[PDB]
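What follows is a set of notes on a single structure, which appears directly below.
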Amino acid sequence: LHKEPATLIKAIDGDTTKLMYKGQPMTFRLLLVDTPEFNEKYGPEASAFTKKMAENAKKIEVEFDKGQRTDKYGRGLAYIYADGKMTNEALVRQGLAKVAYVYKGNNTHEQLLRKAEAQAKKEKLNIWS
Ligand SMILES: Cc1cn([C@H]2C[C@H](OP(=O)(O)O)[C@@H](COP(=O)(O)O)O2)c(=O)[nH]c1=O
Ligand SMILES: [Ca+2]
């Protein structure tokens, strides 16, 4: 997989963000994770976490997987990096997302994320508390 440039347009919630990619505004949904909706428990904490991570970054990158690049809602499907740190992974490590929506052929980082989830669960963090 390859990292490609993007810039933050606006935070949306724990697992979606609006980025400019190839010069066009796009909503990106984070591959392989599910954060609680803002209305749910830890939803606000997930939103805050992804917003902080994206806003504080000097460099955002998007990395598409091997499969579909947009979902049925027109959202881009990617792994999103903030100064080289994967947001998808960080959310899972902090107990603010669950590994989820693992579709065949867009699942390159599945096992990296499952390892983070195991750690977060061991520490009883957030969702796992
Ligand atoms: C993460 C992801 C979600 N989706 C679709 C499946 C879900 O459909 P439904 O809307 O029919 O439930 C929805 C979940 O996204 P959200 O968790 O953002 O709601 O997005 C994909 O199709 N591919 C993906 O990789
Ligand atoms: Ca969600």
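Labels for the structure tokens follow display order: chains A, B, ..., residues from 1 in each chain, ligands from 1.
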Mind checking which residues fall within 6 Å of residue 3 in chain A, counting only C-alpha atoms, ignoring those fewer than 6 positions away in the same chain, and posting them as a VMD selection string?
chain A and resid 61 to 63
File dump, residues just selected, C-alpha atoms, as a PDB file, in the first residue's frame:
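Writing done, so here's again-v8.pdb:
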```
ATOM      1  CA  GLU A  61      -1.784  10.961   4.558  1.00  0.00           C
ATOM      2  CA  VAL A  62      -4.322   8.565   3.214  1.00  0.00           C
ATOM      3  CA  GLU A  63      -3.607   5.043   2.283  1.00  0.00           C
TER       4      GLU A  63
END
```
Nearby polymer residues, ligand 2, at most 8 Å, only C-alpha atoms and all ligand atoms, as a PyMOL selection string:
chain A and resi 14-16+33-37
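Minimum distance to ligand 1 across A:108, A:24, A:94, A:129 (counting only C-alpha atoms and all ligand atoms) occurs at A:108.
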Shell of 10 Å around ligand 1 (only C-alpha atoms and all ligand atoms), written as a PyMOL selection string:
chain A and resi 13-16+28-37+65+67-78+99-104+106-107
Write a file of the selected residues as a short mmCIF file (atom, residue, chain, number, x, y, z; two decimals), in the first residue's frame, keeping C-alpha atoms.
```cif
data_model
loop_
_atom_site.label_atom_id
_atom_site.label_comp_id
_atom_site.auth_asym_id
_atom_site.auth_seq_id
_atom_site.Cartn_x
_atom_site.Cartn_y
_atom_site.Cartn_z
CA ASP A 13 -16.41 12.14 14.20
CA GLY A 14 -14.39 9.27 15.64
CA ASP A 15 -14.17 7.35 12.35
CA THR A 16 -14.90 9.90 9.63
CA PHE A 28 -13.18 9.51 4.45
CA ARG A 29 -14.41 6.61 6.52
CA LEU A 30 -11.62 4.86 8.44
CA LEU A 31 -11.09 1.26 7.28
CA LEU A 32 -11.51 -1.63 9.69
CA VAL A 33 -12.84 0.29 12.71
CA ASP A 34 -16.04 1.42 14.32
CA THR A 35 -16.18 4.23 16.83
CA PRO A 36 -19.33 4.85 18.82
CA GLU A 37 -21.59 7.49 17.30
CA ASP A 65 -6.27 -0.65 0.45
CA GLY A 67 -10.22 -3.13 -2.93
CA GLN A 68 -12.93 -0.63 -3.21
CA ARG A 69 -11.86 2.96 -2.60
CA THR A 70 -15.30 4.43 -2.08
CA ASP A 71 -18.26 2.98 -0.27
CA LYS A 72 -21.89 3.06 -1.32
CA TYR A 73 -22.27 6.57 0.29
CA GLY A 74 -19.38 7.96 -1.79
CA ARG A 75 -17.06 8.03 1.25
CA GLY A 76 -13.45 7.25 0.67
CA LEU A 77 -12.26 4.11 2.44
CA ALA A 78 -8.71 4.43 3.75
CA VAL A 99 -12.09 -3.60 14.94
CA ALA A 100 -15.08 -3.90 12.58
CA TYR A 101 -16.26 -3.97 8.95
CA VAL A 102 -13.58 -6.30 7.84
CA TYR A 103 -14.37 -6.91 4.18
CA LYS A 104 -12.28 -9.33 2.15
CA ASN A 106 -9.77 -4.31 1.96
CA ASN A 107 -8.23 -5.85 5.04
#
```
Quick one: DSSP alpha helix (DSSP H) residues in chain A, as a PyMOL selection string?
chain A and resi 43-56+87-93+110-122
Generate the output file for the selected residues, C-alpha atoms, as a PDB file, in the first residue's frame.
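Once everything was written out, this is out-v4.pdb:
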```
ATOM      1  CA  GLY A  43     -18.575   8.683  21.162  1.00  0.00           C
ATOM      2  CA  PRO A  44     -17.584  12.139  22.279  1.00  0.00           C
ATOM      3  CA  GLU A  45     -14.170  10.869  23.458  1.00  0.00           C
ATOM      4  CA  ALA A  46     -13.616   9.135  20.075  1.00  0.00           C
ATOM      5  CA  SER A  47     -14.580  12.219  18.164  1.00  0.00           C
ATOM      6  CA  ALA A  48     -12.221  14.309  20.302  1.00  0.00           C
ATOM      7  CA  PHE A  49      -9.460  11.919  19.865  1.00  0.00           C
ATOM      8  CA  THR A  50      -9.623  11.819  16.003  1.00  0.00           C
ATOM      9  CA  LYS A  51     -10.200  15.547  15.799  1.00  0.00           C
ATOM     10  CA  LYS A  52      -7.144  16.218  18.001  1.00  0.00           C
ATOM     11  CA  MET A  53      -4.999  13.791  16.186  1.00  0.00           C
ATOM     12  CA  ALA A  54      -5.909  15.222  12.712  1.00  0.00           C
ATOM     13  CA  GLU A  55      -5.842  18.941  13.768  1.00  0.00           C
ATOM     14  CA  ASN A  56      -2.451  18.626  15.525  1.00  0.00           C
ATOM     15  CA  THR A  87      -5.376   7.015  13.405  1.00  0.00           C
ATOM     16  CA  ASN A  88      -7.275   3.775  12.833  1.00  0.00           C
ATOM     17  CA  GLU A  89      -4.758   1.921  14.994  1.00  0.00           C
ATOM     18  CA  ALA A  90      -4.511   4.616  17.674  1.00  0.00           C
ATOM     19  CA  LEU A  91      -8.256   4.662  18.203  1.00  0.00           C
ATOM     20  CA  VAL A  92      -8.285   0.865  18.632  1.00  0.00           C
ATOM     21  CA  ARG A  93      -5.259   1.002  21.008  1.00  0.00           C
ATOM     22  CA  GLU A 110      -6.500  -6.234  10.125  1.00  0.00           C
ATOM     23  CA  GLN A 111      -4.052  -8.066  12.279  1.00  0.00           C
ATOM     24  CA  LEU A 112      -2.153  -4.938  13.358  1.00  0.00           C
ATOM     25  CA  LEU A 113      -5.436  -3.507  14.555  1.00  0.00           C
ATOM     26  CA  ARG A 114      -6.545  -6.698  16.308  1.00  0.00           C
ATOM     27  CA  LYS A 115      -3.280  -6.677  18.249  1.00  0.00           C
ATOM     28  CA  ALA A 116      -3.983  -3.137  19.447  1.00  0.00           C
ATOM     29  CA  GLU A 117      -7.506  -4.107  20.431  1.00  0.00           C
ATOM     30  CA  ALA A 118      -6.143  -6.998  22.518  1.00  0.00           C
ATOM     31  CA  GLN A 119      -3.857  -4.588  24.352  1.00  0.00           C
ATOM     32  CA  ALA A 120      -6.562  -2.055  25.004  1.00  0.00           C
ATOM     33  CA  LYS A 121      -8.838  -4.749  26.287  1.00  0.00           C
ATOM     34  CA  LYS A 122      -6.073  -6.075  28.613  1.00  0.00           C
TER      35      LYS A 122
END
```
Using CA of residue 12 in chain A and CA of residue 123 in chain A as the two end points, give the distance in Å to one decimal.
27.6 Å
Quick one: distance from CA of residue 10 in chain A to CA of residue 80 in chain A in Å, one decimal?
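Going from CA of residue 10 in chain A over to CA of residue 80 in chain A covers 13.8 Å.
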So what do you get for CA of residue 1 in chain A versus CA of residue 19 in chain A, distance-wise?
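These atoms are spaced 19.0 Å apart.
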